[PDB]
Amino acid sequence: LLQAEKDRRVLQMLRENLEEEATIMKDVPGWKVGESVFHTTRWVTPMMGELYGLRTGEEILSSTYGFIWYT
Amino acid sequence: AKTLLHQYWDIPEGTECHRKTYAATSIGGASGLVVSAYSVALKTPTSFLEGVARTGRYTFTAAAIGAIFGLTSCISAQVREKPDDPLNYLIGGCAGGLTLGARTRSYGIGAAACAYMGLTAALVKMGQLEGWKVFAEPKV
Amino acid sequence: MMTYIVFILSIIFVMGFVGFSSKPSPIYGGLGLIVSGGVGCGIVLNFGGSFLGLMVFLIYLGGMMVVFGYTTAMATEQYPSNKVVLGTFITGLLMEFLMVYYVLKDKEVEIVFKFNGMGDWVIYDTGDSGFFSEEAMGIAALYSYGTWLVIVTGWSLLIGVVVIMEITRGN
Amino acid sequence: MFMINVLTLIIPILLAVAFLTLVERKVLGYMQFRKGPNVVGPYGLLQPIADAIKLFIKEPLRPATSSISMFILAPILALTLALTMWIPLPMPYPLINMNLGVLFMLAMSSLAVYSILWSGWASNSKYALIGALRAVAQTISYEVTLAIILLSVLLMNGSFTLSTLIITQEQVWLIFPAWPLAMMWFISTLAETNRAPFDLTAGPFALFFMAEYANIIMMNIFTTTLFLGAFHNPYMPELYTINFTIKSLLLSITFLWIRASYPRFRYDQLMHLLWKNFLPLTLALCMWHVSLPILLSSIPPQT
Amino acid sequence: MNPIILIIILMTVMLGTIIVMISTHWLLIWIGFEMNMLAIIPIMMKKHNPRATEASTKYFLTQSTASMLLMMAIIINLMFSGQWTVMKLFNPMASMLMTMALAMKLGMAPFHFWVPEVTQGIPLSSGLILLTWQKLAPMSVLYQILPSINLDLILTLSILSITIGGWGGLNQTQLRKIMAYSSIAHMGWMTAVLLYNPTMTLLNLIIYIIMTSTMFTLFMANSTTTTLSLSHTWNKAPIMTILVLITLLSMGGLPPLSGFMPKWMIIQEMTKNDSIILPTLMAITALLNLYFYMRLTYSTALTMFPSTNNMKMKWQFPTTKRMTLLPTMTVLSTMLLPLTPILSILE
Amino acid sequence: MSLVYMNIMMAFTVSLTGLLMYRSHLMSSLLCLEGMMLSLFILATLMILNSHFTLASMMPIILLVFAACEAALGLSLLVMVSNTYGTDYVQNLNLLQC
Amino acid sequence: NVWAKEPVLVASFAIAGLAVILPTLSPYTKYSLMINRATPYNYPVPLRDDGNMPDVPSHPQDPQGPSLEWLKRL
Amino acid sequence: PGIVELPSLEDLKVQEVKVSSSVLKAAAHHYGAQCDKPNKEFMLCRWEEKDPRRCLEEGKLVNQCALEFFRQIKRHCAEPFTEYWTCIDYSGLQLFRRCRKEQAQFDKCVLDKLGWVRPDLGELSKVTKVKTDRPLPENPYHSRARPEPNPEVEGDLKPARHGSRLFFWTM
Amino acid sequence: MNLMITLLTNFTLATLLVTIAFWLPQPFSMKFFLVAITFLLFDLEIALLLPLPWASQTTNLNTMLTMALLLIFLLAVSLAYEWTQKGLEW
Amino acid sequence: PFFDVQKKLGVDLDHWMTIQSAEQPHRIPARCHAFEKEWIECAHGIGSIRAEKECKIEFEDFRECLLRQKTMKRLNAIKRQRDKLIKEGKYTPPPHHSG
């Protein structure tokens, strides 16, 4: 159950974050909207900057660095 | 380094002149700084003004040999109008050896330096003319 | 007090390495290596770091600098700063200031690399089911799989013991 | 609220240390045939208040230093160890629950060795340097022993969290499955606190004094958690805190009580005795406490 | 010194070198190099003169910084594509640091400043064992990691080590410094052909080890430091003289003798590539480092220096040194000329 | 590229230059060797943690214990040199000339 | 004999030798290894259903799979 | 190069079981008993394809199964299930040996009134078959073909051709 | 950074105690060295020993017992060697 | 030389400290497990030269799994672009927590 909620949440951040990118980068030349840099047609695990990117500090610090120095 | 020796050999020789002499002075300054760096590492001059003087002397002499080599290279290539011989750089190496002996102010060293630097410069241009690779194939 | 605390503790770390690479008296050198080891412990505990960074602390800041300060106390005197020491400290601070300034106000700084310049909340785990703090079970190997490694390590330390007593007048 | 937690830990340490000074003076007085200090008020609590504020009042040692910064840098390190070493100690709920705390204990003991060595170098001429050098030697020779013994007593419990220790002490005391190992550990605590029967024969004397007695209370609290005690039913921590305080007080009185009546050892007898008698015996107890949990089908639930 | 302790230290030298030979993990190679250092330190300072103490200090400092720079190269290798397999590396920078580490490990031209100083103030047994195993231990590693090295590194260190072991070498009558400069020149030779056919490198390693064992065994047969002591060995015994003749000429490498066979095969499988001027330069310098061999032979067995009595006294005692194994190594080292197709015994 | 690796490599060059240029005492050279050791330790440990290179996570502690006993041998050699001389300078070692 | 000479050494050798020997005569070591094996860290991964195999039970209540029963009974 | 194929926001709307942690931890075993039979479909999907954004229908299935199970335990006995999980909640990390008598009470409620025998140890283990409807995938590591085989050298060996074929020492 | 807050408060309060205590009133032996290196080498062997209570839950128990006894046995051989061979005598 | 007693005695005592994806003491993967398995299967029966010139694509995929260089470059470019357009002021950003 935790696994299913986790998968839906990370795909939710993927969908919303690529929507944000598609809104934000229509000035630069080139730039396909959602290319993986990789070549194989496989779901790679994202890198915590694809998930928690441009969230402005608070949630990314409480998410990445939470357990590391939480007690 | 590979970039400035490539800049020296990229010039057709040929006449595209005084860039040859500038590149040869850069070679001389680099080699003088190398040998002077070893010497100031292995002498402890005391004082440091003597160390700067020795490094300046080494860089100045090696740059002078490079400059005179490039000058008579350019002049012999323009005059003879035959850019394929090594005899012009034989003249070059002997002129560089003579001015090495001039800047150390003894003449037998200048004569032996004329002979050996002329032979090495003729061999360098001759090996560039036929084509002998740097240090390796490294294949079989 | 913010996100780039790993980067800032790394700044203090390289400052400590400069602070005893300027060649002071070796008890100041031992002080500099103790401060550097403490902030290196801070860096690796920021990566977490649950066991290994507290493990180095007993060995270097628990067993090695003790004997380095001991041998500073018993062998050399250095009984009375200098131009060369503090001048090299100034030039080391200048080089660090220049490198971190070019990290800050530009894209990337390249010795011969491409160091992608921003603070590292990336990369990290995406909240996995760790449950055993993977360092812990990793080092909780070496006794099932580790046949050869711990044998040659202990054998090397035994030979170190007989070497030390021989040079210090075996038998 | 967290800084309130820190201040409620490090405000009663001055109370504890000064009242430990009056308690050790009174208890030595009654091991001897002496009453007092009791002229300074009723039984003399204002007597530690008074001599503490007197030593603050009294004019400091004139320098006579070498690297003033280093000379201040040693006792500041000693007292900040004495403050930062009650963080993971569980009386029922510790300040910081850690993955591992006992290696932090041994590491901060080695930092106390740093304090001794730095004060010894920065102190004075060569004779005090030789004396402090022997002191650093006789301090460092026991962190082999205490870490070895602490490892062998936690090996019955497998984990380093120390709340697993306060769980696993519920049925029997840990003095019963390891009495000689605990006894040698207690002797090693007498070594680490650097008191009689072990010899040590400065500035600021009050700060070095403070580091000494906070080290003693630290080792006593860690002993009382480590080897004995009782259960802890939740939503009532006063019960375990009472039983913990009473057992730690009885053990500290026993500690000063063992101090009260024994002469100091010869130094080469001290090193000789430690190496040639505690070190093979610690190895024997370690190898038997390794090979025994694989015997008796009881390897701990290291989660 | 106890003989049990010396057997233990020899066991640990052999253990460290066999760990360097046999392992596939990088940590184990570093452990083998370090354990080789730790064991080889008390073979030196076998006496208690301060000469061996300063020599061991210099050796320990250079050896330890070489070991740690090697560890730097390995941690760079795992900063890039990371696995602990002794294979092709994954960085020109890491391979550069690693080959400079091994060049510090075994006698190379920028790094040779510790070799005559470590050999001068030590006895002969320590010098023999350090030359043999400290020139055997990195060659296995270089033989492993050859396919990812910039060639200019190896070739520059080889050329410059051959010409430094040549030119430095005309000035010393300290026989340990002579043998050390010979070691530098031959290690330049044995490193030069690493990227073309390493069978030649390992065969040259075998021949050099057997030659140096013969030479140091001849010096251990009668304790000498200078050439004048060798002239006294001429007076006291004649067969040592013809052995010095044959072994110095086989260090010289002449085609009737077996020391020529490693040069000639190098020139063959070097000139099957487009490298010709580099072989003739290397073999001119191989003509150069024969001159101190030749003046040594002139000092020992062919001209004769004036002698001192009490050699009259030493006539009444026949020789009573034990040799470890001198004659077998000698005729294995010098009459090996018609056995050139024992080249292919190696790979 | 996990930016901190640049700073720890620059710290390695700091400790390496401190190991190479050293004026008076051998103890400072040996302590900068120890600092270089700590640099390799920290750098490799952050790499293995972020890799989840969980099988062979032995490298930090075993690199540590080996180069620590190297530093022990260096301490004994420095004690021997300081025992047969007055001090432990880089000078008063100019005997045995190359 | 040496019991009067160096007694703590002899006691150390005795407890050392029994610590060496005593796992050979031991009726509990197989119990130790069964306890240590029967504790899972990772997920017990399922498999593609059947080649009509009389193993790999479908309900976790089904005792056809290998379970633990000496745990509850000491 | 290639772009990902993310699912839409139409599949990312399941009625999420926004319950807390201690009640979910205490309600685990009988949830393993009655439900958690059709989620090994999800587990086998996750371990035959390493690709969520694909197995999400079975994630919606386990989500609705857990919500249906908590609905069924919500409607009937017990309401002192609330008392049981709040007895186990404030006890630090939730040891299950803490509130044992009320565990027996909840078991007696659910047994005498509904059924659902508690899974004895160790029956939340013991590798279990599962059949699905989808056929099992092939090569989820999306790679190319194995490029070249080495021709294996075999055949009985001839002797040497005219000896060493070096300069001389023929035969 | 929570224990860094505790460390900061203890360090600042200690510096307040010291500075308010200060503004207000106004050769060698080899035997010294052998014990320290013996400490160092046995402490490193302690560092090799001490992950033993981490390790005791695996499916290879007899091998763990054997190599753990080998580590303490090697440590005991080193101890007994410097014991018998006048390493710590006076 | 490199010898092969490691293979000869049949005791594979040193092949387990070697790569990832050898069996950890609890069966957990690393971060780049499958990339390693496909790369090792790409370059197994290979003479380490067509490994250099044929398995390049999957090797670059594995390297960019291991370090994540250019993915961080893309994310950093997104961050710098986001900073300069919020410096401009167009669409005071609804990419954080709300519209």
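Chains as they are written, first to last, in PDB author numbering: chain AM, 73 to 143; chain AK, 1 to 140; chain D6, 1 to 80, 85 to 175; chain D1, 1 to 201, 217 to 318; chain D2, 1 to 347; chain 4L, 1 to 98; chain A3, 10 to 83; chain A8, 1 to 171; chain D3, 1 to 26, 50 to 113; chain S5, 1 to 99.
Where a beta carbon is used, it is the ideal one built from N, C-alpha and C, also for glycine.
Can you give me the start and stop residues for the alpha helix (DSSP H) that residue i sits inside?
i	result
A99 (chain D3)	84-107
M282 (chain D2)	277-288
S148 (chain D6)	Element bounds for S148 (chain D6): n/a, residue is neither H nor E.
Pick helix, strand or coil for residue i, following the three-state DSSP scheme.
i	result
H186 (chain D2)	helix
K53 (chain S5)	helix
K129 (chain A8)	strand
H52 (chain 4L)	coil
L46 (chain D1)	helix
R173 (chain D6)	coil
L81 (chain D1)	helix
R295 (chain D2)	helix
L38 (chain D2)	helix
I127 (chain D6)	coil
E107 (chain AM)	strand
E92 (chain AM)	helix
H25 (chain 4L)	strand
Measuring CB to CB, does residue i end up less than 8 Å from residue j?
i	j	result
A132 (chain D1)	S66 (chain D1)	no
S21 (chain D6)	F66 (chain 4L)	no
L300 (chain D1)	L181 (chain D1)	yes
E143 (chain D1)	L111 (chain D1)	no
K40 (chain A8)	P140 (chain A8)	no
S312 (chain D1)	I44 (chain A3)	yes
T226 (chain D2)	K177 (chain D2)	no
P135 (chain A8)	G45 (chain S5)	no
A99 (chain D3)	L264 (chain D1)	no
If you compare alpha carbons, which of the options is closest to residue i?
i	options	result
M220 (chain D2)	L332 (chain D2), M323 (chain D2), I209 (chain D2)	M323 (chain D2)
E112 (chain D3)	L162 (chain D1), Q284 (chain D1), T164 (chain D1)	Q284 (chain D1)
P1 (chain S5)	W264 (chain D2), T163 (chain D2), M294 (chain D2), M139 (chain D2)	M139 (chain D2)
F260 (chain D2)	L336 (chain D2), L102 (chain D2), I5 (chain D2), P110 (chain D2)	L336 (chain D2)
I159 (chain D2)	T285 (chain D2), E269 (chain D2), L70 (chain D2), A237 (chain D2)	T285 (chain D2)
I13 (chain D1)	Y228 (chain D1), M70 (chain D1), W185 (chain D1)	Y228 (chain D1)
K8 (chain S5)	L10 (chain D2), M71 (chain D2), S23 (chain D2), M11 (chain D2)	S23 (chain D2)
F71 (chain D1)	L222 (chain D1), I175 (chain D1), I232 (chain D1), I10 (chain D1)	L222 (chain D1)
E152 (chain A8)	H97 (chain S5), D12 (chain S5), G47 (chain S5)	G47 (chain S5)
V193 (chain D2)	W234 (chain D2), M270 (chain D2), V20 (chain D2)	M270 (chain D2)
Taking 7 Å as the line, does the beta carbon of residue i fall inside it for any heavy atom of the ligand SAH?
i	result
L97 (chain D2)	This structure simply doesn't include the ligand SAH, nor any ligand for that matter.
Tell me which residues share the same chain as residue i and place their Cβ nearer than 8 Å to its Cβ, disregarding the 5 neighbours each side in the sequence.
i	result
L245 (chain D2)	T297, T300, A301, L302
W173 (chain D1)	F242, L243, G244
Counting only the same chain and skipping the five closest in sequence on each side, list residues whose C-beta sits under 6 Å from that of residue i.
i	result
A178 (chain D1)	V153
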